[PDB]
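Take a look at this one chain, the form deposited in one PDB entry, written out in structure tokens.
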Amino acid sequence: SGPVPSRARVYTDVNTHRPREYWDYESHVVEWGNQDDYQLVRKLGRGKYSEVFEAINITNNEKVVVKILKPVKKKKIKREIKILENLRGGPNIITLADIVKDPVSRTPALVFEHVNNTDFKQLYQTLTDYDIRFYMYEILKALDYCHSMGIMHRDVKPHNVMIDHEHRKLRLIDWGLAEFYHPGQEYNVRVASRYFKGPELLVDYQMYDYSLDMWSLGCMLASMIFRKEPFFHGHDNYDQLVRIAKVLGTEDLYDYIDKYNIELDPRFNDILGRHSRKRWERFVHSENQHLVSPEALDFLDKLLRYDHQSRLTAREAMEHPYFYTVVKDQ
């Protein structure tokens, strides 16, 4: 019969009511800048699609960040450029300062505002209960904005959340996997990091929406309050769903499979088995108890759901009793 279609529960037809050039990124003309305005200082890291350097804008002695793109299809480059321009000025969204062509790579190199990042492998172990709520609220402001703009990030993870802890500043980065949401469109399920892949990606349900980003957020929240990064630490795509099934149970998983008439890879038969839905108190101990609370568990439970339709929206999440103390201080 085929899989049952699905629509986004919020921001469904926002892109349809936009001018074509808003989401038709293939017809976007890149306005290149002067590459000689930036001198590379040092390399900051290497990804699979780019290399990131710290540079200086010699026109005004500003610290910038140059992301030299590894060779990929120009369609994916135009997509990232168009999304960054559409989201420019949004809350906690990284700002694209300029676009230049690199001398050596002969490749697009995106220039961004600099963010003095604190490594999450060092920051998360020092986060208090209030620090987690504050930053979760800042990520939610960025996610709610880009979702309202008809865009899903599809790669939410601690590495893609730059935090300047001294100034309590946060920027959501790495929009190379972001995509415009269109009702009824079937997307590539091989997106995001394996630890943050939603169940819809693991069971290959291609008609997903913004709710994919909310699952990844729950994975981040679980890692921070339980002091286990990553929380679902799987070896592959199949074992990733098994790690999830050992916590959320298998009864809800097969209900999610029966609801959307998803056909399972037969490999999942011999590895999934039967598992009960575990209570979050199982993962609470003396080292993380100061970060776990009834608010945190209720908020986490409303994010980690098999059914992507039943997850909280970014705006609904911002109105949870978990962020009450954050909102009044803001």
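Take the two forms, superpose them, and find the largest set of C-alpha atoms that agree within 1.5 Å; that set is the rigid core. Just count from 1 along the sequence shown to find any residue number.
Between 296-304 and 280-288 (mean CA B-factor, as deposited), the higher:
Higher mean C-alpha B-factor in the PDB entry: 280-288.
Please compare 47-55 with 262-270 and name the stretch with the higher mean C-alpha B-factor in the deposited structure.
It is 262-270 that shows the higher mean C-alpha B-factor.
Taking the values straight from the PDB record, which of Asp164, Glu200, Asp98, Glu85 has the highest C-alpha temperature factor?
Top of the list by C-alpha B-factor: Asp164.
For the C-alpha B-factor as written in the entry, point me to the maximum among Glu186, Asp119, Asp174, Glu179.
Result of the comparison over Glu186, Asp119, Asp174, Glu179: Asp119.
Ranked C-alpha temperature factor of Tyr130 among modelled chain residues, by third:
It belongs to the highest third of the chain when residues are ordered by C-alpha B-factor.
Considering only modelled residues of the same chain, in which third does the CA B-factor of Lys70 rank: lowest, middle or highest?
Tercile = middle for this residue's CA B-factor.
Can you work out whether the C-alpha temperature factor of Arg79 puts it in the lowest, middle or highest third of the chain?
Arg79: CA B-factor falls in the lowest third of its chain.
Give the position of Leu123 by CA B-factor within its chain, expressed as the lowest, middle or highest third.
CA B-factor rank for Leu123: highest third.
Could you look up the Cα B-factor of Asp102 in the entry and say which third of the chain it sits in: lowest, middle or highest?
CA B-factor rank for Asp102: highest third.
Beyond what is shown, the protein has a form deposited with a partner chain bound; the following relates to that form.
4.5 Å heavy atom contact, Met149 to the partner chain in the deposited complex
Flag for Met149 set to no.
Does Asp102 make contact with the partner chain in the deposited complex, using a 4.5 Å heavy atom cut-off?
Within the cut-off, so yes.
Is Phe53 part of the interface with the partner chain in the deposited complex - any heavy atom within 4.5 Å?
Yes.
Find out whether any non-hydrogen atom of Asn288 is located within 4.5 angstroms of the partner chain in the deposited complex, and reply yes or no.
Answer no; every heavy atom of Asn288 is more than 4.5 Å from the partner chain in the deposited complex.
Verify the flagged residues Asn117, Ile163 and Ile173 against the partner chain in the deposited complex: is each one within 4.5 Å by a non-hydrogen atom?
Checking in the deposited complex: none of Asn117, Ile163 and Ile173 is within 4.5 Å of the partner chain.
Which residue, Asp270, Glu26, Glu281, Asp36, has a heavy atom that falls within 4.5 Å of the partner chain in the deposited complex?
The residue from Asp270, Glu26, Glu281, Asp36 that makes the contact is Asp36.
Within 4.5 Å of the partner chain in the deposited complex, counting heavy atoms only, one of 245-253, 137-145, 216-224, 67-75 shows up; tell me which.
Of the options, only 67-75 has residues within 4.5 Å of the partner.
Residue from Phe232, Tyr256, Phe120, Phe112 whose Cα, after superposing the rigid core, lies 2 Å or more away between the shown form and the other one
Shifted by 2 Å or more: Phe120 only.
C-alpha of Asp129 moved at least 2 Å between the shown form and the other one on rigid core:
No; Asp129 is a residue whose C-alpha shifts by less than 2 Å between the shown form and the other one when the cores are overlaid.
Core superposition between the shown form and the other one, C-alpha change of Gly184 at least 2 Å
No; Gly184 is a residue whose C-alpha shifts by less than 2 Å between the shown form and the other one when the cores are overlaid.
Determine, after fitting the two forms on their core, whether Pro103 shows a C-alpha shift of 2 Å or more between the shown form and the other one.
Shift at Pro103: 2 Å or more after core fit.
Thinking of the 3 angstroms or more shift, are the C-alphas of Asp119 and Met162 brought closer or pushed farther apart in the deposited complex than in this view?
So the answer is closer.
Closer or farther in the deposited complex: C-alpha pair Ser105, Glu54 (3 angstroms or more):
Relative to the displayed form, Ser105 and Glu54 move farther apart in the deposited complex - a change of at least 3 Å between their C-alphas.
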